[PDB]
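Quick notes on the structure that follows.
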Amino acid sequence: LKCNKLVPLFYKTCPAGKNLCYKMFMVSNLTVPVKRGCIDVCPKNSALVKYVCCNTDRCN
C-alpha cells in the first residue's frame, strides 16, 4: 500500500482510510504520468487529460 505523490515528492504508504491509488495527466512527451495519490473514487476521464485509478502493486 505504498504510492508516490506527483513524482519528485513521492508518498510512501497511505493504507487504511483510502482504497486505491490514482494518476492524472495529459499528452506531454510520450504519454507520461503527471500527478498521483491514494483515494477511493477516481472513475471518469476526458479526452486530452486522463485520470485513472490503480488498486495495488506498482501503485498503492
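When you check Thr31 against the structure, is it polar (S, T, N, Q), in contact with a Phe, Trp or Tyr (Cβ under 9 Å, 6 or more places away or on another chain) and free of Cβ contacts under 8 Å to residues at least 60 places away in the same chain, yes or no? In short, yes.
Figure legend. Inter-residue proximity from region 34-50: first residues without any contact (Cβ under 8 Å) to a residue 24 or more places away in the chain and farther than 14 Å from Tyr11 by Cα, second residues assigned to a strand (DSSP E or B) and of a type in the set (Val, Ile, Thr), beta-carbon distance below 9 Å, spacing 6+ or different chains. Indicated pairs: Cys42/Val52; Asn45/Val52.
Annotation note: of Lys50, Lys5, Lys18, the sole residue that is touching an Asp or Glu at 6+ places or on another chain (Cβ under 8 Å) and charged (D, E, K, R) is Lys18.
Every listed requirement among (1) in contact (Cβ under 8 Å) with a residue 24 or more places away in the chain; (2) loosely packed, with under 14 Cβ neighbours inside 10 Å is met by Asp57 save one, (1).
Out of region 1-43, which residues are hydroxyl-bearing (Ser, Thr, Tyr), within 11 Å of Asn60 (Cα to Cα) and surrounded by fewer than 12 Cβ atoms within 10 Å (Cβ to Cβ)? Outline the logic, then answer.
Taking region 1-43 first, the residues hydroxyl-bearing (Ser, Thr, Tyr) are 11, 13, 22, 28, 31.
Within this subset, residues satisfying the condition of being within 11 Å of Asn60 (Cα to Cα) are 11, 13, 22.
Scanning region 1-43 gives a single hit, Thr13.
Note that each Cβ is placed from the backbone with ideal geometry, even for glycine, and that neighbours are counted across all protein chains shown. Every number here is computed from the coordinates shown, using simple stated rules; none is lab data.
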